[PDB]
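Student: Structure in structure tokens, see below.
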Amino acid sequence: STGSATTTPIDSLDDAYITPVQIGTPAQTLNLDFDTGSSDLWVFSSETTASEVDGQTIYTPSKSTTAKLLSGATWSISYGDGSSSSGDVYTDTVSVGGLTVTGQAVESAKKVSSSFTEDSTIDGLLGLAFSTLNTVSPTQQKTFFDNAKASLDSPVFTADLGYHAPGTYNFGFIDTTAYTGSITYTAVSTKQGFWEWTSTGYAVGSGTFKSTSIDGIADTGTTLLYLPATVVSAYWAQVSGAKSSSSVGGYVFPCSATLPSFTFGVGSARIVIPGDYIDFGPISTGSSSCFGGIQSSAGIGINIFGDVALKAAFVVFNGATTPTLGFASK
């Protein structure tokens, strides 16, 4: 089997991407944030505290003839941005782009933190990291990809995120028309539950490539590119007037600037992030200070190849017995 679904930016900045997902019988379509940095499929629901729902579409398990309470199971998750959610668990039929999993754990939110409530466009998350990170207790549950894997034509999914435009998540096949050149594959460590890999270095603009190992995670659920402070300083030093602002929470730059590209290495291959992809717009409405799309990871504990990096590439998440990641230009 295969599936193919379009993923769409939630706003003009590509702050996140939503993909429609069918849950239950008859189908209830919710727009979920596919997140290769976590491993829970959770949704706003008829059980979510009413004051914490503000425009989201909800899953109502009592209206699904295939929903079953997973008795005794609860979940609770905290994300790197400080947001969180928790609740109980149903199993139900879940389909993405024509690919159907029966018995998928659908985690129904009873509580969500304010950043989720405030984002009316995101109806939940669909985790695509390794199932060892799933938070369901006392019986940990598998991700949608883990449940589908054995049925797929090939045990892979691909992320093809657009810049200010829709893109595609494919399951079970590699669309050879969706990228240019060849795909370069690189090793993955699953020891932390992430799609964790080591970039071979970077360049700023037309500058020379610096060969240096940068361990980090391919995370579709993080907006920006978080890298070591040395690398980030070298980037922003090429932008007149750019500076790190403690009050704003990272590097800002004059909105009048033209930003240089940023290149990262994948083995001997190179992925170029155009400068425009690094512009996240005014820090507040009408400001001439703009927020940078490359930020330091120094406070995180891990480097994160988020959407800013991933959208410059066609990315293969290879879930074979030994997982690997593939990157191609596009």
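Ordered as shown in the structure tokens, chains take letters A, B, and onward, while each chain numbers its residues from 1 and ligands are numbered from 1 in the order shown.
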Per DSSP on the backbone, what are the helix (DSSP H, G or I) residues of range 104-209 of chain A, as number ranges by chain?

Tutor: A: 114-117, 131-133, 144-151

Student: Filtering to N, CA and C atoms, could you give me those residues as a short mmCIF file (atom, residue, chain, number, x, y, z; two decimals), in the first residue's frame?

Tutor:
data_model
loop_
_atom_site.label_atom_id
_atom_site.label_comp_id
_atom_site.auth_asym_id
_atom_site.auth_seq_id
_atom_site.Cartn_x
_atom_site.Cartn_y
_atom_site.Cartn_z
N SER A 114 -1.86 26.78 26.33
CA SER A 114 -2.43 27.95 25.68
C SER A 114 -1.99 28.07 24.22
N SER A 115 -0.74 27.70 23.91
CA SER A 115 -0.30 27.86 22.53
C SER A 115 -1.09 26.98 21.57
N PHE A 116 -1.59 25.83 22.04
CA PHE A 116 -2.44 25.01 21.19
C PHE A 116 -3.81 25.64 21.03
N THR A 117 -4.41 26.09 22.14
CA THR A 117 -5.70 26.75 22.05
C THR A 117 -5.66 27.93 21.09
N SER A 131 8.63 4.98 17.98
CA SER A 131 7.56 4.72 18.94
C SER A 131 8.05 4.62 20.37
N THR A 132 9.35 4.43 20.59
CA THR A 132 9.90 4.47 21.93
C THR A 132 9.65 5.79 22.66
N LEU A 133 9.33 6.87 21.94
CA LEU A 133 8.99 8.14 22.59
C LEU A 133 7.51 8.29 22.90
N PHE A 144 1.55 6.00 13.75
CA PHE A 144 0.87 5.66 12.50
C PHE A 144 1.82 4.98 11.52
N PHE A 145 3.04 5.50 11.38
CA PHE A 145 3.99 4.91 10.45
C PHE A 145 4.40 3.52 10.89
N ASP A 146 4.65 3.34 12.19
CA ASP A 146 5.01 2.01 12.68
C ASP A 146 3.90 1.00 12.42
N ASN A 147 2.65 1.40 12.64
CA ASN A 147 1.53 0.50 12.38
C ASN A 147 1.37 0.21 10.89
N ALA A 148 1.64 1.18 10.03
CA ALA A 148 1.44 0.98 8.60
C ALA A 148 2.59 0.27 7.91
N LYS A 149 3.76 0.26 8.55
CA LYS A 149 5.01 -0.06 7.87
C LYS A 149 4.94 -1.39 7.12
N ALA A 150 4.46 -2.43 7.79
CA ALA A 150 4.50 -3.77 7.21
C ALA A 150 3.66 -3.86 5.95
N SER A 151 2.63 -3.02 5.83
CA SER A 151 1.74 -3.03 4.68
C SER A 151 2.26 -2.19 3.53
#

Student: Considering only C-alpha atoms, return as number ranges by chain whatever protein or nucleic-acid residues lie within 12 Å of residue 196 in chain A, sequence-local ones (same chain, fewer than 4 positions apart) excluded.

Tutor: A: 36-37, 129-130, 186-192, 214-219, 302-305, 317, 323-325

Student: Nearest to residue 38 in chain A: which of A:143, A:108, A:4, A:322 is it, counting only C-alpha atoms?

Tutor: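 Between A:143, A:108, A:4, A:322, the residue approaching residue 38 in chain A most closely is A:143.
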
Student: Identify which of the residues A:92, A:227, A:311, A:234 lies closest to residue 299 in chain A, counting only C-alpha atoms when measuring atom-to-atom distances.

Tutor: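 Nearest candidate to residue 299 in chain A out of A:92, A:227, A:311, A:234: A:227.
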
Student: Please provide as number ranges by chain all residues within 8 Å of range 80-88 of chain A, with the sequence filter that same-chain residues fewer than 4 positions apart are discarded (counting only C-alpha atoms).

Tutor: A: 70, 72-76, 107-116, 300

Student: Per DSSP on the backbone, what are the strand (DSSP E) residues of range 127-277 of chain A, as a PyMOL selection string?

Tutor: chain A and resi 127+156-160+167-171+184-187+196-204+210-218+225-227+243-245+250-254+262-266+269-273

Student: Since we have the selection now, will you write its residues out, keeping N, CA and C atoms, as a short mmCIF file (atom, residue, chain, number, x, y, z; two decimals), in the first residue's frame?

Tutor:
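The result, written out as part00.cif:
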data_model
loop_
_atom_site.label_atom_id
_atom_site.label_comp_id
_atom_site.auth_asym_id
_atom_site.auth_seq_id
_atom_site.Cartn_x
_atom_site.Cartn_y
_atom_site.Cartn_z
N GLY A 127 2.56 12.15 15.34
CA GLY A 127 3.98 11.93 15.56
C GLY A 127 4.55 10.88 14.63
N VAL A 156 9.03 3.35 4.19
CA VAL A 156 9.55 4.71 4.13
C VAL A 156 8.39 5.70 4.14
N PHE A 157 8.69 6.92 4.56
CA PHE A 157 7.85 8.06 4.25
C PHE A 157 8.76 9.20 3.82
N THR A 158 8.20 10.16 3.10
CA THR A 158 8.97 11.29 2.60
C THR A 158 8.26 12.58 2.95
N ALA A 159 9.05 13.60 3.25
CA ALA A 159 8.58 14.95 3.53
C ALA A 159 9.10 15.85 2.42
N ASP A 160 8.19 16.54 1.75
CA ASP A 160 8.50 17.50 0.70
C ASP A 160 7.75 18.78 1.04
N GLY A 167 3.03 21.34 0.04
CA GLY A 167 3.96 20.26 -0.26
C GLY A 167 3.28 18.93 -0.03
N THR A 168 4.06 17.87 0.20
CA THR A 168 3.53 16.51 0.19
C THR A 168 4.21 15.64 1.22
N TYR A 169 3.41 14.82 1.92
CA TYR A 169 3.90 13.67 2.67
C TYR A 169 3.47 12.42 1.92
N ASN A 170 4.43 11.58 1.55
CA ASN A 170 4.15 10.29 0.92
C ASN A 170 4.55 9.17 1.86
N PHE A 171 3.77 8.09 1.84
CA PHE A 171 4.04 6.89 2.62
C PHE A 171 4.18 5.71 1.69
N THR A 184 21.01 11.49 -1.30
CA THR A 184 22.14 11.06 -0.49
C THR A 184 21.62 10.58 0.86
N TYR A 185 21.92 9.33 1.17
CA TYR A 185 21.50 8.73 2.42
C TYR A 185 22.61 8.82 3.46
N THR A 186 22.19 8.95 4.71
CA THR A 186 23.10 9.17 5.83
C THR A 186 22.56 8.41 7.04
N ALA A 187 23.48 8.00 7.92
CA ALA A 187 23.12 7.15 9.04
C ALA A 187 22.26 7.87 10.08
N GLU A 196 17.89 11.13 14.18
CA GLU A 196 19.10 11.85 14.54
C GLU A 196 20.22 11.45 13.60
N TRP A 197 20.92 12.44 13.06
CA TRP A 197 21.92 12.22 12.03
C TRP A 197 23.03 13.25 12.23
N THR A 198 24.09 13.15 11.44
CA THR A 198 25.24 14.04 11.56
C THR A 198 25.50 14.71 10.22
N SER A 199 25.25 16.01 10.17
CA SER A 199 25.61 16.80 9.01
C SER A 199 27.12 16.94 8.94
N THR A 200 27.64 17.07 7.72
CA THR A 200 29.08 17.11 7.50
C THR A 200 29.64 18.53 7.45
N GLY A 201 28.80 19.56 7.56
CA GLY A 201 29.32 20.91 7.68
C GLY A 201 28.36 21.93 7.10
N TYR A 202 28.89 23.13 6.88
CA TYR A 202 28.03 24.21 6.44
C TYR A 202 28.83 25.26 5.67
N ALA A 203 28.09 26.08 4.92
CA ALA A 203 28.63 27.29 4.32
C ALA A 203 27.61 28.41 4.48
N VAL A 204 28.12 29.65 4.51
CA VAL A 204 27.28 30.84 4.59
C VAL A 204 27.40 31.57 3.26
N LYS A 210 32.74 24.70 5.42
CA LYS A 210 33.45 24.31 6.64
C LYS A 210 33.06 22.88 6.95
N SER A 211 34.03 21.98 6.88
CA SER A 211 33.78 20.58 7.22
C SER A 211 33.81 20.43 8.73
N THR A 212 32.67 20.05 9.31
CA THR A 212 32.56 19.86 10.74
C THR A 212 31.31 19.04 11.00
N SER A 213 31.39 18.10 11.93
CA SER A 213 30.25 17.24 12.21
C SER A 213 29.24 17.96 13.10
N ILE A 214 27.98 17.99 12.67
CA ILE A 214 26.90 18.61 13.42
C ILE A 214 25.81 17.56 13.61
N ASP A 215 25.72 17.02 14.82
CA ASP A 215 24.68 16.05 15.14
C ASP A 215 23.37 16.78 15.39
N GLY A 216 22.28 16.30 14.80
CA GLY A 216 21.01 16.95 15.05
C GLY A 216 19.87 16.07 14.59
N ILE A 217 18.65 16.58 14.70
CA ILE A 217 17.46 15.79 14.39
C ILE A 217 16.70 16.42 13.24
N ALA A 218 16.13 15.57 12.37
CA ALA A 218 15.24 16.04 11.32
C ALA A 218 13.84 16.12 11.93
N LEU A 225 15.64 26.46 12.17
CA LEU A 225 16.89 25.70 12.13
C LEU A 225 17.72 26.14 13.33
N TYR A 226 17.94 25.20 14.26
CA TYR A 226 18.67 25.47 15.49
C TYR A 226 20.02 24.77 15.43
N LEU A 227 21.10 25.55 15.49
CA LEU A 227 22.45 25.04 15.29
C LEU A 227 23.38 25.60 16.34
N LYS A 243 21.71 41.00 15.13
CA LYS A 243 22.19 40.89 16.50
C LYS A 243 21.32 39.89 17.23
N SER A 244 21.86 39.34 18.30
CA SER A 244 21.08 38.48 19.17
C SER A 244 20.43 39.34 20.25
N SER A 245 19.11 39.25 20.35
CA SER A 245 18.32 40.04 21.28
C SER A 245 17.77 39.13 22.38
N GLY A 250 16.21 35.76 20.43
CA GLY A 250 17.08 35.20 19.42
C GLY A 250 17.61 36.29 18.51
N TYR A 251 18.19 35.84 17.40
CA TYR A 251 18.74 36.74 16.41
C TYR A 251 17.62 37.44 15.66
N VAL A 252 17.79 38.76 15.52
CA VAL A 252 16.93 39.62 14.72
C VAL A 252 17.83 40.34 13.72
N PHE A 253 17.21 40.88 12.68
CA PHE A 253 17.97 41.55 11.64
C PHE A 253 17.10 42.63 11.02
N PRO A 254 17.70 43.63 10.38
CA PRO A 254 16.89 44.68 9.76
C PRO A 254 16.03 44.10 8.65
N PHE A 262 22.22 29.59 3.24
CA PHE A 262 22.92 28.74 4.18
C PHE A 262 22.93 27.34 3.61
N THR A 263 24.12 26.75 3.52
CA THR A 263 24.27 25.41 2.98
C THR A 263 24.62 24.45 4.11
N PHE A 264 23.99 23.28 4.13
CA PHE A 264 24.40 22.23 5.05
C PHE A 264 24.80 20.97 4.28
N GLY A 265 25.74 20.22 4.85
CA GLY A 265 26.24 19.01 4.22
C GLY A 265 25.48 17.76 4.62
N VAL A 266 25.27 16.89 3.64
CA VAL A 266 24.74 15.55 3.84
C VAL A 266 25.74 14.65 3.14
N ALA A 269 27.23 15.54 -0.25
CA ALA A 269 26.25 16.38 -0.92
C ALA A 269 25.97 17.64 -0.10
N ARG A 270 25.27 18.58 -0.73
CA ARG A 270 25.04 19.90 -0.15
C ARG A 270 23.60 20.29 -0.41
N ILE A 271 22.91 20.77 0.62
CA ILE A 271 21.56 21.31 0.51
C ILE A 271 21.66 22.80 0.77
N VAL A 272 21.15 23.60 -0.16
CA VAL A 272 21.22 25.05 -0.06
C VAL A 272 19.86 25.60 0.36
N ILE A 273 19.85 26.31 1.49
CA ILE A 273 18.66 27.00 1.98
C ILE A 273 18.74 28.44 1.45
#

Student: Using only C-alpha atoms, which residues sit within 9 Å of residue 102 in chain A once same-chain residues fewer than 5 positions away are excluded, as a ChimeraX atom specification?

Tutor: /A:66,91-95,147

Student: Write a file of the selected residues as a short mmCIF file (atom, residue, chain, number, x, y, z; two decimals), in the first residue's frame, keeping N, CA, C and O atoms.

Tutor:
data_model
loop_
_atom_site.label_atom_id
_atom_site.label_comp_id
_atom_site.auth_asym_id
_atom_site.auth_seq_id
_atom_site.Cartn_x
_atom_site.Cartn_y
_atom_site.Cartn_z
N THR A 66 -16.27 2.79 14.94
CA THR A 66 -15.07 1.99 15.07
C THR A 66 -14.19 2.42 16.24
O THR A 66 -13.17 1.79 16.51
N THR A 91 -8.76 3.65 20.39
CA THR A 91 -8.27 3.12 19.12
C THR A 91 -9.35 3.35 18.07
O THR A 91 -10.54 3.30 18.36
N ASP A 92 -8.91 3.64 16.84
CA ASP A 92 -9.86 3.89 15.77
C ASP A 92 -9.12 3.73 14.44
O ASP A 92 -7.89 3.58 14.40
N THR A 93 -9.88 3.80 13.36
CA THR A 93 -9.32 3.74 12.02
C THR A 93 -8.84 5.12 11.61
O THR A 93 -9.57 6.11 11.75
N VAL A 94 -7.62 5.18 11.12
CA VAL A 94 -7.00 6.45 10.75
C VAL A 94 -6.45 6.29 9.34
O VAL A 94 -5.73 5.32 9.05
N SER A 95 -6.78 7.23 8.46
CA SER A 95 -6.28 7.20 7.10
C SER A 95 -5.60 8.51 6.76
O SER A 95 -6.09 9.59 7.10
N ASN A 147 2.65 1.40 12.64
CA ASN A 147 1.53 0.50 12.38
C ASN A 147 1.37 0.21 10.89
O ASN A 147 1.01 -0.91 10.52
#

Student: List as an mmCIF file with N, CA, C and O atoms, in the first residue's frame the protein and nucleic acid residues near residue 96 in chain A, meaning an atom at most 7 Å away when only C-alpha atoms are counted, but skip any in the same chain fewer than 6 places from it.

Tutor:
data_model
loop_
_atom_site.group_PDB
_atom_site.id
_atom_site.type_symbol
_atom_site.label_atom_id
_atom_site.label_comp_id
_atom_site.auth_asym_id
_atom_site.auth_seq_id
_atom_site.Cartn_x
_atom_site.Cartn_y
_atom_site.Cartn_z
ATOM 1 N N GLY A 3 0.352 5.856 0.632
ATOM 2 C CA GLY A 3 -0.503 7.015 0.818
ATOM 3 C C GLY A 3 0.211 8.271 0.352
ATOM 4 O O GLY A 3 1.441 8.318 0.278
ATOM 5 N N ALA A 5 -0.483 12.640 0.780
ATOM 6 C CA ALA A 5 -1.323 13.725 1.260
ATOM 7 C C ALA A 5 -0.595 15.051 1.120
ATOM 8 O O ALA A 5 0.619 15.147 1.321
ATOM 9 N N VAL A 21 -6.287 14.419 7.911
ATOM 10 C CA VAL A 21 -6.256 13.044 8.382
ATOM 11 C C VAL A 21 -7.684 12.618 8.677
ATOM 12 O O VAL A 21 -8.428 13.333 9.358
ATOM 13 N N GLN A 22 -8.073 11.458 8.160
ATOM 14 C CA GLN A 22 -9.400 10.917 8.398
ATOM 15 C C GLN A 22 -9.366 9.990 9.607
ATOM 16 O O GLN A 22 -8.575 9.038 9.643
#

Student: Would you pick out the contacts of residue 135 in chain A at 8 Å or less, using only C-alpha atoms, so that residues sharing its chain but fewer than 5 positions from it are not included, and give the list as a PyMOL selection string?

Tutor: chain A and resi 39-40+75-77+140-141

Student: With distances taken over only C-alpha atoms, which of A:309, A:41, A:50, A:165 is nearest to residue 105 in chain A?

Tutor: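 For residue 105 in chain A, the nearest of the given residues is A:41.
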
Student: Can you build me a table of range 213-309 of chain A residues sitting at most 10 Å from range 11-14 of chain A, with the closest atom pair per residue and its distance in Å to one decimal, using only C-alpha atoms, sorted by chain and residue number, as CSV?

Tutor:
residue,atom,partner,partner_atom,distance
A:223,CA,A:14,CA,7.5
A:224,CA,A:14,CA,9.8
A:277,CA,A:13,CA,9.1
A:279,CA,A:13,CA,8.3
A:280,CA,A:13,CA,6.0
A:281,CA,A:13,CA,7.5
A:307,CA,A:14,CA,8.2
A:308,CA,A:14,CA,8.7

Student: Can you pull out the residues contacting range 58-62 of chain A? Cut-off 12 Å, using only C-alpha atoms, and skip same-chain residues under 2 positions away; I want them as a compact mmCIF listing (two decimals) with N, CA, C and O atoms, in the first residue's frame.

Tutor:
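This went into selection-v1.txt:
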# COMPACT_ATOMS: atom_id res chain seq x y z
N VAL A 21 -6.29 14.42 7.91
CA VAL A 21 -6.26 13.04 8.38
C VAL A 21 -7.68 12.62 8.68
O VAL A 21 -8.43 13.33 9.36
N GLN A 22 -8.07 11.46 8.16
CA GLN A 22 -9.40 10.92 8.40
C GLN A 22 -9.37 9.99 9.61
O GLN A 22 -8.58 9.04 9.64
N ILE A 23 -10.26 10.23 10.57
CA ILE A 23 -10.31 9.44 11.80
C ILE A 23 -11.74 8.95 12.00
O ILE A 23 -12.68 9.74 11.99
N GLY A 24 -11.91 7.64 12.21
CA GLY A 24 -13.21 7.13 12.58
C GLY A 24 -14.09 6.76 11.41
O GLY A 24 -13.75 6.91 10.24
N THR A 25 -15.27 6.28 11.77
CA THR A 25 -16.28 5.83 10.81
C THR A 25 -17.63 6.36 11.24
O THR A 25 -18.09 6.04 12.34
N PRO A 26 -18.31 7.19 10.44
CA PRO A 26 -17.82 7.82 9.21
C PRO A 26 -16.61 8.69 9.50
O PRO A 26 -16.37 9.08 10.65
N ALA A 27 -15.85 9.02 8.47
CA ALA A 27 -14.62 9.76 8.67
C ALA A 27 -14.89 11.12 9.31
O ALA A 27 -15.85 11.83 8.96
N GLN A 28 -14.03 11.48 10.26
CA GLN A 28 -13.92 12.84 10.76
C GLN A 28 -12.56 13.35 10.32
O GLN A 28 -11.53 12.77 10.68
N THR A 29 -12.54 14.41 9.52
CA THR A 29 -11.29 14.92 8.98
C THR A 29 -10.77 16.03 9.88
O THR A 29 -11.46 17.04 10.10
N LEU A 30 -9.57 15.84 10.41
CA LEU A 30 -8.88 16.81 11.23
C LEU A 30 -7.57 17.16 10.54
O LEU A 30 -6.97 16.33 9.85
N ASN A 31 -7.13 18.40 10.73
CA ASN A 31 -5.89 18.87 10.13
C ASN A 31 -4.79 18.81 11.17
O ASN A 31 -4.79 19.58 12.14
N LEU A 32 -3.87 17.87 10.99
CA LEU A 32 -2.86 17.56 11.99
C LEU A 32 -1.49 18.05 11.55
O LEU A 32 -1.17 18.14 10.36
N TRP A 42 -2.28 12.85 18.71
CA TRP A 42 -3.26 13.36 19.64
C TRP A 42 -4.11 14.41 18.94
O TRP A 42 -3.64 15.09 18.01
N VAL A 43 -5.35 14.53 19.39
CA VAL A 43 -6.32 15.41 18.75
C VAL A 43 -7.13 16.19 19.77
O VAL A 43 -7.44 15.71 20.87
N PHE A 44 -7.51 17.41 19.38
CA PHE A 44 -8.62 18.08 20.02
C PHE A 44 -9.86 17.21 19.88
O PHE A 44 -10.06 16.56 18.85
N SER A 45 -10.70 17.21 20.91
CA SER A 45 -11.78 16.23 20.93
C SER A 45 -12.97 16.78 21.70
O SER A 45 -12.93 17.86 22.30
N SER A 46 -14.05 16.00 21.70
CA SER A 46 -15.23 16.29 22.49
C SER A 46 -14.94 16.24 23.99
O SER A 46 -15.78 16.67 24.78
N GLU A 47 -13.78 15.71 24.38
CA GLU A 47 -13.37 15.65 25.77
C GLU A 47 -12.49 16.83 26.18
O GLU A 47 -12.21 16.98 27.37
N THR A 48 -12.05 17.66 25.23
CA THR A 48 -11.15 18.76 25.56
C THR A 48 -11.91 19.82 26.34
O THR A 48 -13.00 20.25 25.95
N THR A 49 -11.33 20.24 27.47
CA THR A 49 -11.87 21.34 28.27
C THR A 49 -12.37 22.45 27.36
O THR A 49 -11.60 22.98 26.55
N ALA A 50 -13.64 22.82 27.49
CA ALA A 50 -14.27 23.68 26.49
C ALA A 50 -13.55 25.02 26.36
O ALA A 50 -13.40 25.55 25.26
N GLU A 52 -10.57 25.64 26.43
CA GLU A 52 -9.28 25.47 25.77
C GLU A 52 -9.44 25.14 24.29
O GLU A 52 -8.43 24.89 23.61
N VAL A 53 -10.66 25.14 23.79
CA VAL A 53 -10.95 24.96 22.37
C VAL A 53 -11.37 26.32 21.82
O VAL A 53 -12.29 26.96 22.35
N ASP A 54 -10.70 26.76 20.75
CA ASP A 54 -10.99 28.05 20.12
C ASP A 54 -10.84 27.92 18.60
O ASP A 54 -9.86 28.37 18.00
N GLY A 55 -11.81 27.28 17.97
CA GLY A 55 -11.87 27.19 16.52
C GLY A 55 -11.38 25.89 15.92
O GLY A 55 -11.57 25.69 14.72
N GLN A 56 -10.75 25.02 16.71
CA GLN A 56 -10.25 23.76 16.16
C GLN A 56 -11.41 22.84 15.83
O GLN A 56 -12.48 22.90 16.44
N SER A 64 -18.13 7.73 16.23
CA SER A 64 -17.39 6.81 15.39
C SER A 64 -17.73 5.38 15.77
O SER A 64 -17.49 4.96 16.91
N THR A 65 -18.27 4.62 14.82
CA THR A 65 -18.67 3.25 15.11
C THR A 65 -17.47 2.34 15.31
O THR A 65 -17.64 1.23 15.82
N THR A 66 -16.27 2.79 14.94
CA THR A 66 -15.07 1.99 15.07
C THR A 66 -14.19 2.42 16.24
O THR A 66 -13.17 1.79 16.51
N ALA A 67 -14.57 3.47 16.96
CA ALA A 67 -13.80 3.90 18.11
C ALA A 67 -14.01 2.95 19.29
O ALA A 67 -15.12 2.48 19.55
N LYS A 68 -12.93 2.69 20.02
CA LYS A 68 -13.00 1.90 21.24
C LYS A 68 -12.09 2.55 22.27
O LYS A 68 -10.94 2.86 21.97
N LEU A 69 -12.61 2.77 23.47
CA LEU A 69 -11.77 3.28 24.53
C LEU A 69 -10.67 2.27 24.81
O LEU A 69 -10.93 1.07 24.93
N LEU A 70 -9.44 2.75 24.91
CA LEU A 70 -8.31 1.92 25.34
C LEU A 70 -8.29 2.04 26.85
O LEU A 70 -7.76 2.99 27.41
N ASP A 88 -6.88 10.94 27.50
CA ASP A 88 -7.08 9.49 27.45
C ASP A 88 -6.96 9.02 25.99
O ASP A 88 -6.56 9.79 25.11
N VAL A 89 -7.25 7.75 25.75
CA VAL A 89 -6.87 7.12 24.49
C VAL A 89 -8.00 6.25 23.96
O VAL A 89 -8.61 5.47 24.70
N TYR A 90 -8.26 6.38 22.67
CA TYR A 90 -9.13 5.50 21.91
C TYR A 90 -8.29 4.80 20.85
O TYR A 90 -7.22 5.29 20.46
N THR A 91 -8.76 3.65 20.39
CA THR A 91 -8.27 3.12 19.12
C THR A 91 -9.35 3.35 18.07
O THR A 91 -10.54 3.30 18.36
N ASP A 92 -8.91 3.64 16.84
CA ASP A 92 -9.86 3.89 15.77
C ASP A 92 -9.12 3.73 14.44
O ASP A 92 -7.89 3.58 14.40
N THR A 93 -9.88 3.80 13.36
CA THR A 93 -9.32 3.74 12.02
C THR A 93 -8.84 5.12 11.61
O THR A 93 -9.57 6.11 11.75
N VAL A 94 -7.62 5.18 11.12
CA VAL A 94 -7.00 6.45 10.75
C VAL A 94 -6.45 6.29 9.34
O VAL A 94 -5.73 5.32 9.05
N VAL A 106 -5.47 6.81 19.04
CA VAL A 106 -5.84 8.20 18.86
C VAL A 106 -5.96 8.78 20.26
O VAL A 106 -6.86 8.40 21.02
N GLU A 107 -5.05 9.67 20.61
CA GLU A 107 -4.96 10.21 21.96
C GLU A 107 -5.84 11.45 22.02
O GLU A 107 -5.59 12.45 21.34
N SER A 108 -6.88 11.36 22.83
CA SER A 108 -7.88 12.42 22.93
C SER A 108 -7.49 13.39 24.03
O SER A 108 -7.32 12.99 25.19
N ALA A 109 -7.34 14.66 23.67
CA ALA A 109 -6.91 15.65 24.65
C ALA A 109 -8.06 15.99 25.60
O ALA A 109 -9.16 16.34 25.16
N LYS A 110 -7.78 15.91 26.89
CA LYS A 110 -8.63 16.54 27.88
C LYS A 110 -8.15 17.95 28.21
O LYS A 110 -8.97 18.82 28.52
N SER A 120 -5.82 28.12 16.00
CA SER A 120 -7.07 27.53 15.56
C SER A 120 -6.89 26.61 14.37
O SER A 120 -7.81 25.87 14.05
N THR A 121 -5.74 26.68 13.69
CA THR A 121 -5.53 25.93 12.45
C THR A 121 -5.02 24.52 12.67
O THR A 121 -5.04 23.71 11.73
N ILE A 122 -4.56 24.19 13.88
CA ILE A 122 -3.95 22.89 14.16
C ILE A 122 -4.88 22.11 15.09
O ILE A 122 -5.12 22.52 16.23
N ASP A 123 -5.40 20.99 14.58
CA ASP A 123 -6.38 20.19 15.31
C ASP A 123 -5.72 19.07 16.11
O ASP A 123 -6.43 18.30 16.77
N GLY A 124 -4.40 18.98 16.09
CA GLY A 124 -3.67 17.95 16.80
C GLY A 124 -2.36 17.69 16.10
O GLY A 124 -2.00 18.37 15.13

Student: To one decimal in Å, tell me the separation between CA of residue 134 in chain A and CA of residue 103 in chain A.

Tutor: 15.7 Å

Student: Please compute the CA of residue 297 in chain A-CA of residue 318 in chain A distance, one decimal, in Å.

Tutor: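 Value for the CA of residue 297 in chain A-CA of residue 318 in chain A distance: 25.6 Å.
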
Student: Ranking A:247, A:1, A:222, A:329 by minimum distance to residue 294 in chain A and counting only C-alpha atoms, which one comes first?

Tutor: A:222

Student: Interatomic distance between CA of residue 193 in chain A and CA of residue 35 in chain A?

Tutor: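 Taking CA of residue 193 in chain A and CA of residue 35 in chain A, their separation equals 12.8 Å.
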
Student: Nearest to residue 260 in chain A: which of A:19, A:288, A:176, A:206 is it, counting only C-alpha atoms?

Tutor: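 Nearest candidate to residue 260 in chain A out of A:19, A:288, A:176, A:206: A:206.
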